[PDB]
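Topology and contacts: notes
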Amino acid sequence: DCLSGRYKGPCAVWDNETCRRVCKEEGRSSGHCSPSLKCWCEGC
């Protein structure tokens, strides 16, 4: 998996879906948020 390259900011309980969409956009499985308020994209 990788970290989004288009998402930016922290990622908290209100940014997970954001990951879902941004990671979907790139064309991955979905974005998963990290305990380190980060946005991963899954399917990398």
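Residues numbered from 1 in each chain as written, not as in the entry; some residues may be left out. Heavy atoms only, no water.

For this entry, the PDB record names solution NMR as the structure determination method.

**Brief notes about the state of the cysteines**
Two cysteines form a disulfide when their sulfur atoms are joined by a covalent bond. Keep this limit in mind: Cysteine sulfur atoms that pair up within 2.5 Å are treated as a disulfide. A run of H or I in DSSP counts as a helix once it spans at least four residues, and a run of E counts as a strand once it spans at least two, with each numbered from the N terminus.
Tallying each qualifying case throughout the model produces 4 disulfides. Note on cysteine connectivity: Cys2 is disulfide-linked to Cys44, with sulfurs 2.0 Å apart. Every disulfide takes its handedness from the sign of the S-S torsion; for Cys2 and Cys44 that torsion is 80°, giving right-handed. One end of the pair, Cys2, is in strand β1 (residues 2-3); the other, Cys44, is in the segment after β3 (39-42), and 42 residues separate them in sequence.

**Digging into the pattern of salt bridges**
Quick reminder of the rule: Each salt bridge in this description consists of a side-chain nitrogen of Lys or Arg and a carboxyl oxygen of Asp or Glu lying within 4 Å of one another.
Under the criterion given, the structure shown has 2 salt bridges. Notably, a salt bridge pairs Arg28 with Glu26, separated by 2.5 Å at the nearest N-O pair.

**Considering the pairing of β3**
Let me state the cut-off plainly: Burial classes follow relative accessibility: with a 1.4 Å probe on protein chains only, a residue under 20% of its type's maximum area counts as buried, one over 50% as exposed, and anything between as partly exposed. Strands pair, by our definition, only if DSSP identifies at least two bridges between them.
Here β3 shows one buried face, formed by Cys39 and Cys41, and one open face, formed by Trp40 and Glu42. Bridging between β1 and β3 involves 2 bridges; their strand directions are antiparallel. Its bridge partner lying in β3, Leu3 is registered against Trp40. Taken together, the 4 bridges between strand β2 (residues 30-33) and β3 define a ladder with antiparallel strand orientation. From the neighbouring strand, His32 faces β3, where its bridge partner is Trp40. The antiparallel hairpin formed by β2 and β3 contains 5 residues in its connecting segment, where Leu37 sits at a positive phi of about 40°.

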